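For reference, the structure is listed below as structure tokens.
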Amino acid sequence: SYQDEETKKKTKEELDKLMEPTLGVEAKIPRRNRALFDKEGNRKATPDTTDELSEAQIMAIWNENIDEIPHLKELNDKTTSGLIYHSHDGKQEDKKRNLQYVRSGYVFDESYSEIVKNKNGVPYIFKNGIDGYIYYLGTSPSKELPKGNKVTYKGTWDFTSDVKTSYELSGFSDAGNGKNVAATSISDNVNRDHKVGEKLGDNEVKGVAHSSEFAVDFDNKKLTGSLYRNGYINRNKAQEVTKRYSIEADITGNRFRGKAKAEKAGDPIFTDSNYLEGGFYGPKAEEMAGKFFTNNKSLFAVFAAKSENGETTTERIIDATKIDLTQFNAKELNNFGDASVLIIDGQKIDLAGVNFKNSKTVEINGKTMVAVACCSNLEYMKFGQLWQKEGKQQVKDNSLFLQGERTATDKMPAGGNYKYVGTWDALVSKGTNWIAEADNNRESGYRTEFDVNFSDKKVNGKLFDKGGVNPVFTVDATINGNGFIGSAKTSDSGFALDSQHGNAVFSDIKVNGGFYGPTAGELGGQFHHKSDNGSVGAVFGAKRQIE
């Protein structure tokens with residue numbers, strides 16, 4: 001007489017667009033249209049006085065290969081200057097930025113002329129000078145976070161303003177002072193080529209270009225930081241280091257959301273922002289990157305920083321795995337801390353639905369992807385099938401997936417004995433293919449049952465075929481932290497996939513699992529093995545019972 005425990009449904013977040021998480025973000029550097037005529041060939045009463053930044057110009061990017069600098073190839077193909085630069089190109093001190101998981105800053109053509117003429121051959125667009133982008137892009141959104149009240153990250157920041165002919169800014173070169181081309185971290189008159197510590201005359205170099213520092217309090221899910229401008233330095237001129245911004249943010253999943261506070265009153269472009277969002281990258285949050293957009297739309301800024309290493313104790317926050325049903329091997333998936341969305345090519349596929357398990361079909365061109373996600377009673381995890389389909393109906397890239405939001409380790413129950421029941425998906429292949437399909441038939445379906453003993457840290461599991469007397473697979477595992485690890489097997493006898501060949505006999509199969517939700521009220525895990533022959537790919541989930 002068991003029954004799912006009652007749980008207060010997960011509280012659903014509705015984020016402003018700018019606050020949605022992505023692998024990266026970019027924006028084009030604004031350039032004033034200097035043309036004297038409009039597209040219909042009539043004289044503008046007034047040549048444009050502005051070129052605005054807007055939320056529609058701030059674009060999500062999602063390239064998996066961070067070696068491919070965004071737009072670098074495009075800029076090279078169209079350039080007539082041959083002057084292509086980017087913030088990681090290593091050609092000056094300020095462009096030597098040693099990050100492993102993140103790229104950020106800018107990529108641009110120093111001098112590029114766009115002239116567009118209409119049918120009548122009248123020029124209605126004329127822009128010139130710097131052409132490029134401000135961006136950040138990260139890879140491997142972190143699945144584990146360091147423990148502690150203060151972890152320091154150091155790095156850079158970069159920016160572009162909007163354009164207004166009324167701007168009278170100081171500290172920027174004629175290449176970008178806001179009148180014809182945006183003021184950017186490219187045109188700012190800062191120290192670019194003298195390393196920290198050097199002395200020019202008796203002037204010590206304190207900093208390079210635009211530097212950032214953050215103090216992350218992982219235990220309290222918060223962080224603060226500072227962004228600095230490090231002025232040009234001579235033997236004739238001591239360096240002026242000024243703080244432009246203070247930052248505060250709160251951490252959710254592997255992301256953070258907050259504000260940037262302008263530190264200098266009365267600046268027409270360096271103003272406050274309520275729209276700061278970024279994330280941790282690297283398996284252990286070795287690095288961080290993000291962006292903000294000022295409230296008066298005067299400025300788009302990005303930043304990136306890394307911690308000194310670790311060799312740090314971490315606590316896992318996320319599981320998101322894909323198991324291939326042909327190689328029976330596993331690979332990581334991008335996830336930001338929401339197990340109910342699948343992220344593909346920057347598109348978020350919502351996995352929830354009205355049914356116990358729900359199928360989703362989405363053209364993420366050019367691939368028609370379909371995912372079957374379970375289950376409606378699992379609030380902090382999902383698992384299911386995922387494949388590309390072509391035709392009516394051949395199938396391609398067939399696989400399994402599992403995602404979960406780990407229970408905090410200090411919220412793991414301290415004892416003792418509880419029951420967990422759920423279902424699973426799997427594929428055992430030796431000769432013929434034997435599948436398991438998730439369902440809600442607690443009686444005689446593809447059942448999963450776990451005895452969990454928090455006292456002596458043990459998980460024991462049974463996984464059944466439909467109309468199954470004894471289990472097809474059992475699991476013996478050990479609870480360590482907020483997850484478990486152990487072995488899946490079958491009886492010493494093995495089990496019939498069908499007479500012509502022996503039962504599938506499996507032993508010492510490596511199984512990884514997690515505890516999910518506020519108080520470990522859900523568990524899930526996977527295993528896979530490739531043998532010639534006798535192979536298997538399986539994912540499973542279950543909910544804690546009461547009574």
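Chain identifiers are assigned as A, B, and so on, following the order in which chains appear in the structure tokens; residues are numbered from 1 within each chain, and ligands are numbered from 1 in order of appearance.
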
Pick out the residues sitting within 10 Å of residue 259 in chain A, and hand them over as a PyMOL selection string; count only C-alpha atoms, and ignore anything fewer than 2 positions along from it in its own chain.
-> chain A and resi 224+245-250+257+261-262+272-277+292-294

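Each of A:183, A:35, A:200, A:66 was compared to residue 301 in chain A using only C-alpha atoms, and A:183 turns out to be the nearest.
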
Write out as number ranges by chain the residues lying within 9 Å of residue 239 in chain A, counting only C-alpha atoms and excluding same-chain residues fewer than 5 positions away.
-> A: 191, 203-207, 230-234

Skipping near chain neighbours, those fewer than 6 positions away, what residues fall within 7 Å of range 533-536 of chain A using only C-alpha atoms, listed as a PyMOL selection string?
-> chain A and resi 328+427-430+504

Pick out the residues sitting within 12 Å of residue 469 in chain A, and hand them over as a PyMOL selection string; count only C-alpha atoms, and ignore anything fewer than 5 positions along from it in its own chain.
-> chain A and resi 443-447+462-464+495

Among the residues of range 337-504 of chain A, find those DSSP assigns to strand (DSSP E) from the backbone and print them as a PyMOL selection string.
-> chain A and resi 341-344+347-350+357-364+367-374+381-390+394-405+417-429+433-436+448-453+458-463+473-480+483-489

With a distance cut-off of 6 Å and only C-alpha atoms, select the neighbouring residues of range 97-103 of chain A, excluding the residue or stretch itself and same-chain residues fewer than 2 positions from it, and output the selection as a PyMOL selection string.
-> chain A and resi 88+95+136-139+282

Counting only C-alpha atoms, closest pick from A:423, A:165, A:484, A:449 relative to residue 540 in chain A is A:423

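Residue neighbourhood of residue 354 in chain A, excluding near-sequence residues (fewer than 2 positions): residues 351, 352, 356, 357, 358, 359, 360, 373, 374, 375, 376 and 377 of chain A, at 12 Å, using only C-alpha atoms.
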
Next, dump the selected residues to file, keeping only C-alpha atoms, as a compact mmCIF listing (two decimals), in the first residue's frame.
# COMPACT_ATOMS: atom_id res chain seq x y z
CA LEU A 351 9.38 18.62 -22.08
CA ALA A 352 6.24 18.97 -19.97
CA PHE A 356 2.03 10.89 -18.18
CA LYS A 357 4.73 10.95 -20.83
CA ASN A 358 4.60 13.36 -23.77
CA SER A 359 6.02 13.44 -27.28
CA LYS A 360 7.47 16.62 -28.76
CA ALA A 373 9.79 12.64 -22.05
CA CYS A 374 8.67 11.05 -18.76
CA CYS A 375 7.03 11.67 -16.40
CA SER A 376 4.26 14.00 -15.23
CA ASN A 377 4.83 12.93 -11.62

Among listed residues A:442, A:154, A:419, A:147, nearest residue 459 in chain A (using only C-alpha atoms) = A:419

Which residue out of A:514, A:36, A:29, A:92 has the minimum interatomic distance to residue 108 in chain A when only C-alpha atoms are used?
->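 Looking only at the distances to residue 108 in chain A, the closest residue turns out to be A:29.
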
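Residue nearest residue 348 in chain A within the list A:493, A:507, A:334, A:185: A:334 [criterion: smallest interatomic distance, only C-alpha atoms].
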
Of A:53, A:338, A:141, A:155, the one nearest to residue 13 in chain A when counting only C-alpha atoms is A:338
